[PDB]
Amino acid sequence: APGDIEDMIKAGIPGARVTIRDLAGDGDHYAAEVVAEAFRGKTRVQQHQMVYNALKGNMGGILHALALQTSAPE
Ligand SMILES: [Li+]
Ligand code: NI
């Protein structure tokens, strides 16, 4: 449902700030920016792993369907 991706990320990575856009308005492929203190000192691969973990396998095709940008807070 709408908002579920954001909800799952925030539940799984407490303190994260999330900005989700639905590419093409298609309800299928998305792009997300996730900013979290837990990301500081982690590589982008490690940060992305945390986001995949938070989705708990609920989003089929997540490798391509959730394009990610992650960072620690500024
Ligand atoms: Li989309
Ligand atoms: Ni797809």
# chains A, B, ... in the order shown; residues from 1 in each chain; ligands from 1

$ residues_near_ligand --ligand "ligand 1" --cutoff "10 Å" --atoms "only C-alpha atoms and all ligand atoms" --output "ChimeraX atom specification"
/A:20-31,65-66

$ residues_around --residues "range 39-45 of chain A" --least-positions-apart "4" --cutoff "7 Å" --atoms "only C-alpha atoms" --output "PyMOL selection string"
chain A and resi 49+70-72

$ write_last_selection --atoms "N, CA, C and O atoms" --output "mmCIF file, in the first residue's frame"
data_model
loop_
_atom_site.group_PDB
_atom_site.id
_atom_site.type_symbol
_atom_site.label_atom_id
_atom_site.label_comp_id
_atom_site.auth_asym_id
_atom_site.auth_seq_id
_atom_site.Cartn_x
_atom_site.Cartn_y
_atom_site.Cartn_z
ATOM 1 N N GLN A 49 22.425 -2.600 2.178
ATOM 2 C CA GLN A 49 22.064 -3.858 2.808
ATOM 3 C C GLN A 49 21.078 -3.625 3.962
ATOM 4 O O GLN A 49 20.139 -4.399 4.135
ATOM 5 N N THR A 70 21.772 6.678 -0.032
ATOM 6 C CA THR A 70 21.876 6.658 1.414
ATOM 7 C C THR A 70 23.000 7.556 1.884
ATOM 8 O O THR A 70 23.987 7.765 1.183
ATOM 9 N N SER A 71 22.867 8.062 3.113
ATOM 10 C CA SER A 71 23.894 8.913 3.695
ATOM 11 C C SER A 71 23.675 9.037 5.185
ATOM 12 O O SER A 71 22.588 8.757 5.697
ATOM 13 N N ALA A 72 24.710 9.490 5.881
ATOM 14 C CA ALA A 72 24.596 9.871 7.275
ATOM 15 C C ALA A 72 24.107 11.318 7.374
ATOM 16 O O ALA A 72 24.324 12.110 6.465
#

$ atom_distance --atom1 "CA of residue 37 in chain A" --atom2 "CA of residue 56 in chain A"
20.5 Å

$ select_by_dssp --residues "chain A" --states "strand (DSSP E)" --output "ChimeraX atom specification"
/A:17-22,30-35,66-71

$ write_last_selection --atoms "N, CA, C and O atoms" --output "PDB file, in the first residue's frame"
ATOM      1  N   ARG A  17      15.491   9.184   8.235  1.00  0.00           N
ATOM      2  CA  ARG A  17      14.681  10.105   7.450  1.00  0.00           C
ATOM      3  C   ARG A  17      14.571   9.508   6.037  1.00  0.00           C
ATOM      4  O   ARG A  17      15.578   9.074   5.480  1.00  0.00           O
ATOM      5  N   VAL A  18      13.368   9.467   5.486  1.00  0.00           N
ATOM      6  CA  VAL A  18      13.109   8.799   4.222  1.00  0.00           C
ATOM      7  C   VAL A  18      12.344   9.708   3.291  1.00  0.00           C
ATOM      8  O   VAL A  18      11.350  10.322   3.692  1.00  0.00           O
ATOM      9  N   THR A  19      12.789   9.764   2.036  1.00  0.00           N
ATOM     10  CA  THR A  19      12.073  10.438   0.970  1.00  0.00           C
ATOM     11  C   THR A  19      11.885   9.426  -0.150  1.00  0.00           C
ATOM     12  O   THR A  19      12.874   8.938  -0.699  1.00  0.00           O
ATOM     13  N   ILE A  20      10.624   9.023  -0.419  1.00  0.00           N
ATOM     14  CA  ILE A  20      10.239   7.995  -1.419  1.00  0.00           C
ATOM     15  C   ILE A  20       9.576   8.710  -2.605  1.00  0.00           C
ATOM     16  O   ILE A  20       8.656   9.507  -2.384  1.00  0.00           O
ATOM     17  N   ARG A  21      10.021   8.450  -3.844  1.00  0.00           N
ATOM     18  CA  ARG A  21       9.263   8.854  -5.012  1.00  0.00           C
ATOM     19  C   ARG A  21       8.956   7.628  -5.866  1.00  0.00           C
ATOM     20  O   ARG A  21       9.768   6.718  -6.033  1.00  0.00           O
ATOM     21  N   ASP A  22       7.744   7.632  -6.401  1.00  0.00           N
ATOM     22  CA  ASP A  22       7.261   6.562  -7.252  1.00  0.00           C
ATOM     23  C   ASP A  22       7.613   6.895  -8.698  1.00  0.00           C
ATOM     24  O   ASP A  22       6.995   7.754  -9.325  1.00  0.00           O
ATOM     25  N   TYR A  30      10.429   2.517  -7.647  1.00  0.00           N
ATOM     26  CA  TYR A  30      10.564   3.635  -6.732  1.00  0.00           C
ATOM     27  C   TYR A  30      12.024   4.036  -6.616  1.00  0.00           C
ATOM     28  O   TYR A  30      12.939   3.259  -6.933  1.00  0.00           O
ATOM     29  N   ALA A  31      12.244   5.251  -6.112  1.00  0.00           N
ATOM     30  CA  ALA A  31      13.564   5.709  -5.691  1.00  0.00           C
ATOM     31  C   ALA A  31      13.433   6.250  -4.281  1.00  0.00           C
ATOM     32  O   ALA A  31      12.470   6.950  -3.971  1.00  0.00           O
ATOM     33  N   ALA A  32      14.407   5.932  -3.432  1.00  0.00           N
ATOM     34  CA  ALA A  32      14.395   6.338  -2.038  1.00  0.00           C
ATOM     35  C   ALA A  32      15.694   6.942  -1.622  1.00  0.00           C
ATOM     36  O   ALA A  32      16.764   6.427  -1.958  1.00  0.00           O
ATOM     37  N   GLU A  33      15.592   8.047  -0.892  1.00  0.00           N
ATOM     38  CA  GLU A  33      16.716   8.590  -0.160  1.00  0.00           C
ATOM     39  C   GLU A  33      16.503   8.276   1.297  1.00  0.00           C
ATOM     40  O   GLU A  33      15.420   8.502   1.837  1.00  0.00           O
ATOM     41  N   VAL A  34      17.528   7.706   1.925  1.00  0.00           N
ATOM     42  CA  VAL A  34      17.456   7.323   3.333  1.00  0.00           C
ATOM     43  C   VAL A  34      18.675   7.902   4.039  1.00  0.00           C
ATOM     44  O   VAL A  34      19.803   7.642   3.639  1.00  0.00           O
ATOM     45  N   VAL A  35      18.410   8.683   5.091  1.00  0.00           N
ATOM     46  CA  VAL A  35      19.449   9.341   5.870  1.00  0.00           C
ATOM     47  C   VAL A  35      19.350   8.824   7.292  1.00  0.00           C
ATOM     48  O   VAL A  35      18.287   8.911   7.908  1.00  0.00           O
ATOM     49  N   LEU A  66      13.712  -0.632  -6.126  1.00  0.00           N
ATOM     50  CA  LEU A  66      13.925   0.408  -5.130  1.00  0.00           C
ATOM     51  C   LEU A  66      15.342   0.959  -5.325  1.00  0.00           C
ATOM     52  O   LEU A  66      16.313   0.432  -4.779  1.00  0.00           O
ATOM     53  N   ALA A  67      15.450   2.027  -6.119  1.00  0.00           N
ATOM     54  CA  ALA A  67      16.732   2.665  -6.377  1.00  0.00           C
ATOM     55  C   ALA A  67      17.098   3.507  -5.161  1.00  0.00           C
ATOM     56  O   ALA A  67      16.280   4.276  -4.702  1.00  0.00           O
ATOM     57  N   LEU A  68      18.311   3.366  -4.641  1.00  0.00           N
ATOM     58  CA  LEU A  68      18.666   3.917  -3.337  1.00  0.00           C
ATOM     59  C   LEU A  68      19.746   4.976  -3.398  1.00  0.00           C
ATOM     60  O   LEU A  68      20.733   4.852  -4.122  1.00  0.00           O
ATOM     61  N   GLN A  69      19.581   5.960  -2.525  1.00  0.00           N
ATOM     62  CA  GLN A  69      20.640   6.890  -2.162  1.00  0.00           C
ATOM     63  C   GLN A  69      20.638   6.980  -0.644  1.00  0.00           C
ATOM     64  O   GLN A  69      19.614   7.292  -0.042  1.00  0.00           O
ATOM     65  N   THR A  70      21.772   6.678  -0.032  1.00  0.00           N
ATOM     66  CA  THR A  70      21.876   6.658   1.414  1.00  0.00           C
ATOM     67  C   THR A  70      23.000   7.556   1.884  1.00  0.00           C
ATOM     68  O   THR A  70      23.987   7.765   1.183  1.00  0.00           O
ATOM     69  N   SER A  71      22.867   8.062   3.113  1.00  0.00           N
ATOM     70  CA  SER A  71      23.894   8.913   3.695  1.00  0.00           C
ATOM     71  C   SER A  71      23.675   9.037   5.185  1.00  0.00           C
ATOM     72  O   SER A  71      22.588   8.757   5.697  1.00  0.00           O
TER      73      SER A  71
END
